[PDB]
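Below: one structure, written as C-alpha cells.
Chains as they are written, first to last, in full-length UniProt numbering: chain A, 5 to 207; chain B, 4 to 207.
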C-alpha cells in the first residue's frame with residue numbers, strides 16, 4: 005500500500021546532462037502499466053494519483069493532435085508461472101483482475117496496447133520492431149512505477165538507440181524518495197527528464 | 004570522475020534478501036564485469052575499495068575455476084565507431100582509446116572467455132544469453148565495476164531473461180559508497196540476490 009505523496013515540482017527536477025528535444029515525426033508516447041491493478045495500490049482519490057491522471061490525459065491529447073503514436077502496456081492476468089519466471093520470487097503469482105486501463109485513460113481508436121511481461125516494455129513485445137519500421141527513435145515515458153518499469157524501459161530504450169524522455173510530473177512511484185532517485189538516475193545515466201510544461205511546445 | 008576513497012561495506016550492513024536463492028556450480032557463470040585498467044584508473048589503486056575488490060575477485064575466480072564454473076570477462080573496445088557507440092557519447096564522450104586490458108591482478112588465464120562490451124548490460128550485442136541457454140546455466144555471479152551502472156543493468160537484464168543474478172556486495176565497487184549501498188538495496192528489493200564472498204564459498 006503506497007502512502008500518499010505530492011508529485012515533485014519541475015523546479016526540483018535534476019538538470020539534464022543531454023540536450024535532446026522531442027520531434028513529433030520521431031516520437032512514440034508510452035503509457036506504462038496504467039492498469040487498475042497497479043493504481044489500486046495507491047489511494048486513487050489522494051496524491052499523486054489525481055495529478056498523474058490529469059497530466060497523462062493532457063499529454064495523450066497533445067500526442068493525438070501531433071500524430072504521435074500512443075502505446076499502452078498492460079500485464080496479462082493468470083500468468084503461466086514459467087512465463088512469469090523470477091518475478092514470482094519478488095511479487096507473487098501476479099494480477100488476476102483489474103487488467104484494464106484506468107477509465108480516465110481508456111484507449112481510443114488508433115491507440116495500440118502491448119502485453120507486458122517484464123519491467124522493460126521492450127522485453128517479449130513488438131515495440132522495438134514497430135519503432136524501427138516507422139523510423140521512430142524517441143520514447144516519451146509516463147505511468148507507474150518510476151523506479152521499476154519506467155526505469156527499466158528507459159534503460160532498454162537507451163541501449164537500443166532510442167532516446168527516452170521520462171516525464172517527471174507524469175510518473176508516480178512507491179514514494180517521493182523513489183520518484184526523485186529515479187529522475188536523478190535518468191538525467192545522469194539514461195536520458196532526458198522532462199515536464200508537461202517543457203514538453204507541451206516541443207510536440 | 005576521480006572516485007574518492009571509500010571502504011567496501013561489510014556483509015552485515017548489506018540489505019536483507021527478499022529471495023532465498025543459492026548458487027549451484029552446475030548452473031552458475033562468474034561475470035567479471037569491466038575490470039579494465041581504464042575503469043580502475045578512476046580510483047587510487049593503493050586505496051580502498053580497490054585492494055579488497057581485487058583480492059575478493061581473485062579469490063572468487065580461483066574457486067570458480069576449481070568448481071568448473073565458467074569465467075566470463077567483459078571489456079569495452081577502444082576507438083568505437085560512433086554509430087555503434089550511439090547514445091553513450093551524449094553521456095560519456097567518445098569511445099575509450101587506452102588501458103583496454105584487464106587489470107594485471109585479474110588477467111584472464113587459459114579457458115577464460117572475454118566478450119566485447121557495447122552497452123551497460125553485458126547481454127546487449129554479446130553471445131552471453133545464447134551461451135548460458137546452451138550450457139543450461141541460469142545463475143549469474145556478478146562482480147566488478149560500476150555497481151549502479153553496468154553491474155545494475157546486467158543484473159536487470161539477467162532477471163528479465165530468467166537468469167538469477169547474484170551480486171557480490173563485497174566484490175563490486177562504485178562512484179561512491181552511497182551509489183554502492185543504493186545498488187545493493189535496489190538489487191535485494193527488485194532484481195535478485197546480494198551475496199558476500201564468505202557466503203558464496205560453501206555454495207561454490
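Cβ atoms here follow ideal geometry from the backbone N, Cα and C, with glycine treated the same way.
Under a criterion of Cβ atoms nearer than 7 Å, the residues of chain A adjacent to residue 152 (chain B) are, in order, 193. Counting only runs of 4+ residues, the alpha helix (DSSP H) found wholly inside the stretch 16-71 of chain A occupies 40-43 and 53-69, in chain order.
Contact between residue 38 (chain B) and residue 105 (chain B) holds: CB atoms are separated by about 5 Å, below the 8 Å threshold. The beta carbon of residue 124 (chain A) sits closer than 7 Å to those of 156, 157 and 160, all from its chain and outside the five residues before and after it, given in chain order. Contact annotation for residue 167 (chain A) against chain B: 90 [CB-CB distance below 8 Å, chain order]. In the structure shown, residue 189 (chain B) falls within a helical segment according to DSSP collapsed to helix, strand and coil.
Looking at the DSSP output, residue 159 (chain A) shares a beta bridge with no other residue. Taking residue 185 (chain B) as the centre and dropping the five residues before and after it, the same chain places the C-beta of 151 closer than 8 Å to its C-beta, in chain order.
DSSP places residue 178 (chain B) outside both helix and strand once states are collapsed to three, so it counts as coil. The DSSP assignment places complete alpha helix (DSSP H) segments of no fewer than 4 residues inside the stretch 104-156 of chain B at 131-137, in order along the chain. Following the DSSP letters along the chain, one finds residue 92 (chain B) inside the alpha helix (DSSP H) bounded by residues 91-95. Secondary structure of residue 80 (chain A) (DSSP, three-state): coil. Scanning its chain for C-beta atoms nearer than 6 Å, with the 5 sequence neighbours on each side dropped, one finds around residue 73 (chain B) the residues 32, in chain order. Think of a sphere of 9 Å around the beta carbon of residue 42 (chain A): no beta carbon from chain B falls inside it, the nearest being about 15 Å out.
Residue 203 (chain B) is positioned such that its CB atom lies closer than 8 Å to that of residue 26 (chain B). Excluding the 5 residues flanking it on each side, residue 9 (chain A) has same chain C-beta neighbours closer than 7 Å at 51, 52, 179 and 180, in chain order. The beta-carbon of residue 159 (chain B) is placed less than 8 Å from the nearest beta-carbon of chain A. Residue 167 (chain A) has its alpha-carbon roughly 29 Å from the corresponding atom of residue 107 (chain A). If you ignore the 5 residues before and after residue 44 (chain A), its C-beta comes within less than 7 Å of the C-beta of 102, all in its own chain and listed in chain order. It is roughly 11 Å from the alpha-carbon of residue 63 (chain A) to the alpha-carbon of residue 34 (chain A). Contact between the stretch 90-100 of chain A and the stretch 132-143 of chain A is absent: fewer than 3 CB-CB pairs across the two stretches fall below 8 Å.
In the DSSP annotation of this structure, the continuous segment of the alpha helix (DSSP H) that includes residue 203 (chain B) starts and ends at 200-203. For the options B:113, B:183, B:192 and B:165, the alpha carbon positioned closest to that of residue 140 (chain B) is the one of B:165.
Under the three-state reduction of DSSP, residue 168 (chain B) is assigned to strand. Residue pairing for residue 194 (chain A): DSSP places it in no beta bridge.
Among the residues of the stretch 7-21 of chain A, those with a Cβ less than 7 Å away from any Cβ of chain B are 21, in the order of the chain. Per the Cβ contact rule, the stretch 110-117 of chain A is not in contact with the stretch 5-22 of chain A (fewer than 3 Cβ pairs under 8 Å). The alpha-carbon of residue 57 (chain A) is positioned some 21 Å away from that of residue 16 (chain A). Within a 10 Å sphere around the beta-carbon of residue 119 (chain A) sit fewer than 16 other beta-carbons, which makes this residue exposed. Note on residue 117 (chain B): under 16 other CB atoms within 10 angstroms of its CB, so exposed under the neighbour-count rule. Under the 8 Å criterion on CB atoms, residue 162 (chain B) is classed as interfacial with respect to chain A. For chain B, the residues of the stretch 94-125 of chain A that bring a beta carbon within less than 9 Å of one of its beta carbons are 94, 121, 122, 123 and 124, in chain order. Residue environment analysis places residue 66 (chain A) among the buried positions, since at least 16 neighbouring C-beta atoms fall within 10 angstroms of its C-beta.
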